[PDB]
Amino acid sequence: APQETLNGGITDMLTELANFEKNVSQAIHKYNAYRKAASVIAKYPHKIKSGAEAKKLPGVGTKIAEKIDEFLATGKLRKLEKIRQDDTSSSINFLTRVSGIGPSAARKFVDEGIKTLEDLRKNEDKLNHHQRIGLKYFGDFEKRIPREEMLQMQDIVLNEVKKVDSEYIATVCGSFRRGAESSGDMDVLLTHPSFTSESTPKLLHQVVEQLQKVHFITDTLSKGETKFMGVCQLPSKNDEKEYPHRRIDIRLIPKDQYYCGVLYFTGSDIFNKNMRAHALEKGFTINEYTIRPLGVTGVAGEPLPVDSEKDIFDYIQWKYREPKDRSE
DNA sequence: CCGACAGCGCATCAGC
DNA sequence: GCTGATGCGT
DNA sequence: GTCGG
Ligand code: NA
Ligand code: NA
Ligand code: NA
Ligand code: NA
């Protein structure tokens with residue numbers, strides 16, 4: 001984990017470029033090209049001396065090497081300095097920090113003179129339900145969640161889920177499950193023996209309802225038969241500053257696909273890419289839902305029975321690795 | 001050169 | 001009213 | 001923007 005002082009000027013520049021590609025130019029693949037470059041540079045354990053040096057890293061190409069040369073010689077990038085000053089571009093970029101405001105909504109708002117949170121506050125009728133919640137909790141949603149709060153949040157979720165029906169199985173996944181010291185949100189995977197891919201939904205609703213009844217879930221961004229996305233808040237101790245509101249997702253998953261889901265949503269994203277690779281060369285295709293054998297002509301067969309995460313590792317003769325070990 | 005860069009749930013729009 | 005497309009988040 | 005068939 002090299003100190004940011006090493007190439008933090010370069011990685012900051014590439015991340016800022018990334019955001020403008022995503023939010024203003026609506027070029028998601030360039031956004032991800034810049035993010036990939038910033039990640040591989042963020043890991044490089046040497047102070048970069050030239051664009052040509054950076055070009056040797058996978059994901060750094062001709063144009064980024066060129067930008068790195070300009071940044072190293074001048075300490076800035078003319079194109080980035082210009083767009084930073086640009087009133088419509090900076091406002092569009094900023095507004096997309098509201099959950100529910102994407103590039104299209106942010107463009108439309110700025111087009112009609114709505115540029116700041118104050119302007120959004122003044123124009124509630126122009127916001128959909130998701131966007132009102134994102135505005136309401138703009139600051140809270142940008143805070144991280146310390147692991148101790150994630151533990152208290154997990155206590156409530158597991159308790160109330162079991163209270164609804166002790167046969168529910170709930171797992172808090174994400175980097176939290178891998179042991180991380182902070183989280184961006186809470187990702188809950190839910191199943192029940194009565195729910196399989198084949199037959200028979202109110203199983204999700206009952207859990208959301210009970211978490212609302214004990215005043216843990218405070219708002220709903222979206223809710224269907226298999227996926228809930230919303231907002232929650234820990235109760236504050238008597239006479240004490242209140243905890244920030246937090247994003248929580250709850251997904252209902254058929255029992256026979258549950259452990260593929262836990263594996264995938266535990267990650268990390270790098271670990272998943274490797275395991276999928278190792279699965280292919282072993283003759284298996286793994287997605288979020290299933291693991292399947294591949295015949296010699298590539299024809300995917302029926303999904304294989306999975307009753308634990310280890311079942312998946314066993315199929316591809318990989319030793320089971322702890323969530324804390326799944327960084328890569 | 002030029003296509004891939006993941007797939008999907010839900011809310012909402014666009015078209016009929 | 002319905003069906004498929006789009007925006008969005010992930 | 002970068003990679004690679
Ligand atoms: Na490169
Ligand atoms: Na955003
Ligand atoms: Na947004
Ligand atoms: Na019971």
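Values below: every heavy atom of this structure, side chains too, minus hydrogens, waters and symmetry copies. Below, chain A is the first sequence line, B the second, and so on; all start at residue 1.
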DNA chain D: first to last nucleotide in contact with chain A (atom under 4.0 angstrom from a heavy atom), 5' to 3', is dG1(D) to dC3(D)

Rounded distance in Å between the P positions of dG9(C) and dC5(B):
22 Å

Under 4.0 Å between any heavy atoms, over every strand shown, what does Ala27(A) touch: base, sugar-phosphate, or nothing? Just pick one.
nothing

message: Around atom CZ of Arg121(A), are there more than 12 heavy atoms from other residues, nucleotides or ligands closer than 6.0 Å?
response: no

message: Tell me if the centroids of the rings in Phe94(A) and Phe138(A) come within less than 6.0 Å of each other.
response: yes

Taken in chain and number order and not counting sequence neighbours, the residues that satisfy salt bridge (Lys or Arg N to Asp or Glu O under 4.0 Å) with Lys115(A) are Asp87(A)

Over all strands shown, is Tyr289(A) touching base, sugar-phosphate only, or nothing at heavy-atom distances under 4.0 angstrom?
sugar-phosphate

Nearest heavy-atom approach of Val214(A) to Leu211(A) is CG2-O, 3.6 Å

With a 4.0 Å cut-off (strictly under) to non-hydrogen atoms of chain A, the first and last hit nts on DNA chain C, 5' to 3', are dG7(C) to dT10(C)

So does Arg35(A) pair up with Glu21(A), basic N to acidic O under 4.0 Å? no

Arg247(A) near the nucleic acid: base, sugar-phosphate alone, or nothing, with a heavy-atom cut-off under 4.0 Å? sugar-phosphate

Answer with base, sugar-phosphate or nothing: what part of the nucleic acid does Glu225(A) contact at a heavy-atom distance below 4.0 Å? sugar-phosphate

Open item on the list: So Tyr34(A), base contact, sugar-phosphate only, or nothing? Heavy-atom distance under 4.0 Å.
Closed with: sugar-phosphate

(request) Taking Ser99(A) for its side chain and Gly134(A) for its backbone only, find out whether a donor-acceptor pair lies under 3.5 Å. (result) no

Pair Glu70(A) + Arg78(A): basic N to acidic O under 4.0 Å
no

CZ (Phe71(A)) and CD1 (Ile10(A)) are apart, to the nearest 0.5 Å, by 6.5 Å

For a quick check of understanding: with a heavy-atom distance under 4.0 Å over all strands, which category does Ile28(A) fall into, base, sugar-phosphate or nothing?
nothing

